[PDB]
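Structure first, commentary second.
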Amino acid sequence: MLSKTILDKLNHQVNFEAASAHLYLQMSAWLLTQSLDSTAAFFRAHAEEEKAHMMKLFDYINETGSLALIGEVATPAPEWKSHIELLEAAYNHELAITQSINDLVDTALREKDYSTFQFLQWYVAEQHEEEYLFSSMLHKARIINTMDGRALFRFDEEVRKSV
Amino acid sequence: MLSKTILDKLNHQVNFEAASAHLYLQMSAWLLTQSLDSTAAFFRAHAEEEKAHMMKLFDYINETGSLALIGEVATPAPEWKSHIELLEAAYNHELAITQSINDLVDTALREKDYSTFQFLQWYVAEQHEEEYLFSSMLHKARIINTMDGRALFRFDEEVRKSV
Amino acid sequence: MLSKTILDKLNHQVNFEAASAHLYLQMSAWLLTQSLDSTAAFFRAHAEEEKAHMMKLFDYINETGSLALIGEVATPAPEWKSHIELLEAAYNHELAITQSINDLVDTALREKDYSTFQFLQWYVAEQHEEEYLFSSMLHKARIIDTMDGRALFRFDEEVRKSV
Amino acid sequence: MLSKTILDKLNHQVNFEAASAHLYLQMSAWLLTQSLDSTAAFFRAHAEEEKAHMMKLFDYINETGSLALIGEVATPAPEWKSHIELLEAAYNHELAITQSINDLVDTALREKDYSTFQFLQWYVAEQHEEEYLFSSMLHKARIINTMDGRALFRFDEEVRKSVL
Amino acid sequence: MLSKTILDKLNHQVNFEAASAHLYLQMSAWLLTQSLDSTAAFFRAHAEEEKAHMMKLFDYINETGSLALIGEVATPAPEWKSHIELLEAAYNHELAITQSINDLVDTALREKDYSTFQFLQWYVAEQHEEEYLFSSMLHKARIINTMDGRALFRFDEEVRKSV
Amino acid sequence: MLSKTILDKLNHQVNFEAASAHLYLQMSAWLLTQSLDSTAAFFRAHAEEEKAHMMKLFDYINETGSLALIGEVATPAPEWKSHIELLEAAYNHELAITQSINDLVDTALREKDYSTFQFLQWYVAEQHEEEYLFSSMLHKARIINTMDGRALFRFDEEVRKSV
Amino acid sequence: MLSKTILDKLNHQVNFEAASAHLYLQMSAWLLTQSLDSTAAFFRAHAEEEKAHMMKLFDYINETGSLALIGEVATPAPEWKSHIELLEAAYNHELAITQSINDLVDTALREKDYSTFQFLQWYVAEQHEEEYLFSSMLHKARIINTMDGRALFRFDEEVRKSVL
Ligand SMILES: [Fe+3]
Ligand SMILES: [Fe+3]
Ligand SMILES: [Fe+3]
Ligand SMILES: [Fe+3]
Ligand SMILES: [Fe+3]
Ligand SMILES: [Fe+3]
Ligand SMILES: [Fe+3]
Ligand SMILES: [Fe+3]
Ligand SMILES: [Fe+3]
Ligand SMILES: [Fe+3]
Ligand SMILES: [Fe+3]
Ligand SMILES: [Fe+3]
Ligand SMILES: [Fe+3]
Ligand SMILES: [Fe+3]
């Protein structure tokens with residue numbers, strides 16, 4: 001049976017993952033106005049990943065006998081001036097999610113709620129994959145924004161085809 | 001291409017469908033605290049249906065060249081005192097969705113936006129199925145809440161097995 | 001070839017079977033307003049059986065070289081005050097159909113129309129199955145209307161599952 | 001949920017489709033007395049189509065929470081003096097059904113019952129296929145009733161075998 | 001070659017198993033007049049099992065070179081005032097069959113007819129299964145005859161569905 | 001629905017078919033003592049046919065809403081001095097069954113119980129097959145009991161093999 | 001390799017899981033005397049799960065080079081006055097198993113026996129599933145023990161058949 005401090009943080013995380021899904025949907029919509037159709041598709045698909053993260057928390061909470069709460073989710077209209085600004089926002093958002101998961105893990109360990117600690121390892125692992133994915137996409141966007149960079153990528157693509 | 005009045009209403013509907021998904025998730029969670037597991041599963045699954053309704057609007061808006069907006073979605077904590085009160089809320093919520101769709105259809109017809117009019121016919125048909133589903137579930141819940149009612153259903157179940 | 005007296009009775013039976021189909025359709029519609037969905041489905045399906053009874057008579061008449069006549073079919077609006085009253089009506093109606101078939105069989109025998117006599121044996125057999133079906137459904141409805149009865153059926157269902 | 005005016009018209013249509021099924025059964029029976037066996041089979045099969053039209057209305061009404069009503073269906077005995085007179089009756093009947101559907105669509109639009117309006121679009125489409133089917137069958141009957149017409153159809157049949 | 005005392009008892013058992021089949025048929029018929037269709041089907045199917053018990057004794061006797069005798073089988077008309085009274089009769093009847101088999105086994109052992117002793121082990125085993133089946137059905141009928149009992153079974157059924 | 005006179009006769013027939021099964025079982029057992037193993041197998045199998053005749057009547061009676069009654073079945077010990085005497089008894093027994101079915105058919109026709117009349121046509125047809133079977137077996141037995149007869153059959157068997 | 005304090009606790013847990021299996025067998029036997037056949041079958045099957053929990057600990061201990069010990073397992077005769085009292089005992093028993101596993105995890109962490117810590121994560125996860133299972137079964141039993149409760153479940157079952 002979940003302590004109140006852990007419950008509140010798990011419910012905060014449910015709400016955070018829900019907000020991520022909506023954020024990525026909104027990014028997708030903006031990207032389509034820039035004709036960045038593949039990046040839009042990526043964010044659309046990834047919104048569906050964030051919905052799965054949400055549901056898995058939601059279920060764990062309910063299975064423990066507490067009541068999961070969705071809360072308020074507010075998605076700001078698209079401010080972004082360029083695709084790089086959007087990718088920076090996405091990456092920082094994923095860093096903040098990782099922070100939140102780490103806090104949650106730390107507090108489960110501190111309260112000796114080992115059940116929540118082991119449940120959260122899935123998220124710790126997933127956030128490693130998320131940071132890798134989003135940092136890497138940002139890094140490429142910055143490179144591809146330069147002519148020297150576009151030449152590097154042309155070589156890399158030649159290697160992908162030739163060998 | 002989309003007029004501002006229609007765009008604002010379509011985006012309102014996007015947000016309304018998003019709120020429905022979250023509302024039904026929240027109902028599902030509450031139902032699990034009552035040990036109403038099958039009803040909880042129904043609402044969980046239906047939250048996924050509302051998400052599909054949302055995405056289909058979202059796409060139509062983006063395909064027309066406008067920018068779909070998710071907005072703010074606020075889900076109140078579970079007030080419900082019984083499963084009947086929750087079913088009443090779900091049914092009324094579906095009526096309100098139908099109202100909103102009808103207002104949208106009416107306004108498309110009035111502006112001679114025939115493209116949005118025909119796109120919405122899917123929703124007009126879907127809301128007929130939704131009202132049937134939720135009214136019927138509420139009616140049964142009220143009947144099953146009385147002893148006379150539980151006797152009717154016992155006969156109906158005998159007919160389902162016997163013939 | 002068919003005598004006028006036998007033709008007029010066969011055409012009466014065509015019309016009677018048509019009226020039965022419409023009756024059972026109407027009963028189905030009423031049962032849906034009571035939320036007796038399985039009973040409604042039974043009466044809907046059975047309306048299709050009555051249509052088959054009709055068509056088989058209709059074809060026999062036409063094959064003999066006479067002209068089958070549908071006539072007027074009038075279905076009274078739903079009077080029924082309970083599902084038991086409806087089942088009583090259905091059972092009495094099936095008794096009347098059997099009476100009508102028996103009169104028809106008797107008159108074919110009396111006129112030595114052995115062809116019509118043998119054609120009707122299918123109906124004599126079918127009406128035995130109909131009476132069994134409808135009497136049995138009525139009997140169960142009367143039993144299930146009592147608390148003692150619902151306890152008997154709970155045991156019978158335990159036997160269906162256990163052995 | 002359904003307004004009374006729409007409910008009454010949908011129930012009228014239920015009854016009208018039921019009367020069509022019976023009408024076409026009766027036509028089938030008459031056609032058999034003329035040894036027009038294929039035309040009889042067509043009308044028999046089409047009576048089954050009219051039943052499906054009926055049931056679909058019936059179900060929509062019941063799904064909305066109202067009570068569908070079958071009503072009285074009266075089928076006059078076969079008056080018809082020729083197959084052409086019968087085909088004219090069938091075609092006019094189908095024109096009347098279309099009228100009745102159009103009235104129903106128009107009244108749903110006027111009351112802003114968009115749910116009934118969209119449900120009826122199936123019927124609007126179906127009645128276009130019905131008018132095409134019956135008008136075309138009538139037209140061919142009139143042509144075939146003339147010697148010049150039979151010659152046209154003999155050529156058309158030669159094309160069906162030789163090329164198409 | 002069978003002793004006269006063993007032969008007479010084996011033939012008595014043949015007749016007893018025959019009487020059981022007829023008894024269970026008669027019970028089946030009565031149960032149908034109470035609309036206990038599943039219990040009726042059980043007794044009908046079980047009459048077939050008793051016939052198989054009869055035939056297996058019948059064959060053993062004939063294979064040893066003696067002449068199996070069916071004898072007189074008298075089945076009283078249905079006295080039963082309730083399904084529980086009928087189940088009590090069925091259980092007691094099975095207890096009497098077991099007694100009769102045990103007497104038969106005991107006599108074979110006493111006369112050192114080891115062939116008949118080993119043949120009868122099948123029946124000893126089968127009667128354990130019969131007593132389990134019939135005692136269990138009686139017990140459940142008594143429980144289900146009460147409101148507290150019907151609540152226990154409702155929980156048990158929930159466990160059958162949930163886990 | 002069944003008249004008392006028809007019910008009593010149907011229940012008589014139930015009992016008669018039951019007695020036939022037991023009679024043929026008893027004949028089978030006697031035949032085995034004469035080493036007539038194939039004839040014994042025929043009677044054993046045919047006892048199963050008589051059980052089916054019984055069950056079909058039993059079911060019809062119950063389906064009409066009356067209570068089928070098995071009654072007393074008494075099987076005399078085997079008197080038979082030869083296989084021919086047994087075959088004569090079997091044939092005469094089948095003649096008596098046919099008589100009993102005919103009386104039953106005649107009574108149904110007289111009371112205008114057309115439902116029982118048509119149900120019985122199956123038995124009228126089956127008894128034609130039964131009389132053919134048993135008369136033919138008796139006739140062959142009488143022929144084979146003579147040396148002239150065994151010579152005829154030796155020729156017939158030659159024709160079965162040669163052509 | 002295993003410290004004596006960890007070894008003694010792992011062997012205690014081996015013995016605890018063995019006792020659980022026997023407890024659930026004994027509950028199964030009692031439930032059969034009440035004609036609660038499905039609940040009996042559940043406890044019987046679950047005794048087999050507890051045996052698997054036992055064997056997995058037993059194997060880990062042996063793989064580390066220490067000697068696993070079964071010990072004494074004593075199963076009291078069935079005291080239970082109702083199925084609810086039995087389900088309460090089962091649930092509390094599972095809570096006590098969780099407590100032991102948590103103590104074991106906690107002491108592995110203190111001693112920096114990370115190997116035993118990671119091995120035990122399986123049990124931490126499993127005991128979450130166990131508590132869910134048993135608490136939920138208890139909660140339903142309490143609800144079904146009331147007439148209002150049986151009415152709720154009748155509705156829930158209608159939803160299982162009609163929609164889900
Ligand atoms: Fe996430
Ligand atoms: Fe993420
Ligand atoms: Fe929706
Ligand atoms: Fe909806
Ligand atoms: Fe009929
Ligand atoms: Fe009928
Ligand atoms: Fe039509
Ligand atoms: Fe039409
Ligand atoms: Fe036996
Ligand atoms: Fe037995
Ligand atoms: Fe027979
Ligand atoms: Fe026979
Ligand atoms: Fe365990
Ligand atoms: Fe456990």
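As the structure lists them, so they are numbered: ligands from 1, and atoms in each ligand from 1. Just the heavy atoms: all of them, side chains too, but no hydrogens, waters or symmetry mates, feed the values below. Here is the naming used below: chain letters follow the sequence lines, and residue numbers restart at 1 for every chain.
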task: Write the atom name of the N, O or S atom in E/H53 that is nearest the Fe ion (ligand 9).
output: ND1
statement: Output field for angle at the Fe ion (ligand 10), E/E94.OE2 vs E/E130.OE1, rounded to 10°, should show 90°
task: For residues B/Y91 and B/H139, establish whether the separation of their ring centroids is below 6.0 Å.
output: no
task: Measure from the ring center of E/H22 to the ring center of F/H22 and say whether it is less than 6.0 Å.
output: yes
statement: Result for side chain to side chain contact (heavy atoms under 4.5 Å, CB included) between F/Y24 and one of F/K51, F/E48, F/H46 points to F/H46
task: Report the relative orientation of the aromatic rings in D/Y114 and B/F117; use parallel for angles under 30°, tilted for 30 to 60°, perpendicular for over 60°.
output: perpendicular
field: Opening angle at the Fe ion (ligand 9) [OE1, E/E17; OE1, E/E50; to 10 degrees]
entry: 80°
